[PDB]
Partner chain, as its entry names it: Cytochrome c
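Just the one chain here, the form solved without the partner chain, laid out as structure tokens.
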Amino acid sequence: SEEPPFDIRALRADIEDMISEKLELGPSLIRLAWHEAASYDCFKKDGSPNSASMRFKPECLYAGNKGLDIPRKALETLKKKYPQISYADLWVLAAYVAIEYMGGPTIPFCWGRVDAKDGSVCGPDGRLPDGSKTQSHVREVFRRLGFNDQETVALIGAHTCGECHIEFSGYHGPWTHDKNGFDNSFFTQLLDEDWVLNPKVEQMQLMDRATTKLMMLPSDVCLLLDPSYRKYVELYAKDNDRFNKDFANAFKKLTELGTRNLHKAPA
């Protein structure tokens, strides 16, 4: 109900077209917006979330952000065509477009994020979660961000799409049988499969006994091990509509952390 100064309808279509040419970009755009928000610390009120601060060294070089230069570079062409949008809004909008385009919820978008002007606003390394660790670590990070256990589990559900790359994280493979689809299947797979050690990946990960084509990280399976998290894994595995709703709300919350003076965009 407040029109942004950029042509948002044309921009959403251009993002969909870009993804249509390179489907794997869809999940990386989600990972980009999440990691741009994940630098927050809600107690220190620092880390410049949702400000495209990851455009600056040192934050672009943190291990947890490896490979995110690919979606950032793809979005440059659109920034040149739509100069009135900030990078920060562009990264968020592209993630929302990607989510919907892969069959996920249509998340109400607010615009007006202001880009970080220099790298002095960047928070320290160590803010991003580490897939080799488990629930004590995951809960520490998500509590730092300001999320509860319900919201933590819903958000990790984004692993429904995309895959790990050895050159970026040292892990390998998709989590689900359709890495291009956004739904509750991460939770379905986590709950329904027998997760066995993958013998051939040097960084410890699990694979499904049934096909061996799926993967889970230590940080994924901790959602089954921790009784508080497991309740939500079960909730989402049996109720895709609840998953879509809860993911929308939490991801919207995530991409609005540390922001001010935002405006509702037209749907």
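Residue numbers count along the first chain shown, from 1.
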Tell me which stretch has the larger mean Cα B-factor in this entry, 178 to 186 or 149 to 157. 178 to 186
Mean C-alpha temperature factor, higher of 118 to 126 and 91 to 99: 118 to 126
Check the PDB entry and point out which of 36, 41, 239, 220 has the largest C-alpha temperature factor. 239
Should residue 84 be placed in the lowest, middle or highest third of its chain by the C-alpha B factor in the entry? highest
On the chain's distribution of Cα B-factors, residue 249 falls within the third called middle
According to the PDB entry, is the CA B factor of residue 32 in the bottom, middle or top third of its chain, that is, lowest, middle or highest? lowest
Residue 67: which third of its chain by C-alpha temperature factor? lowest
Of the three thirds of Cα B-factor ranks in this chain, residue 200 occupies the highest
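Omitted here: the form deposited with the partner chain bound. The next part is about that form.
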So, 102, 176 and 181: all three within 4.5 Å of the partner chain in the entry with it bound by heavy atoms, or not? yes
Would residue 23 count as a contact of the partner chain in the entry with it bound, using a 4.5 angstroms cut-off between non-hydrogen atoms? yes
Which of these stretches, 102 to 110, 71 to 79, 118 to 126, 148 to 156, has heavy atoms within 4.5 Å of the partner chain in the entry with it bound? 102 to 110
Within 4.5 Å of the partner chain in the entry with it bound, counting any non-hydrogen atom, which residues from 240 to 267 show up? none
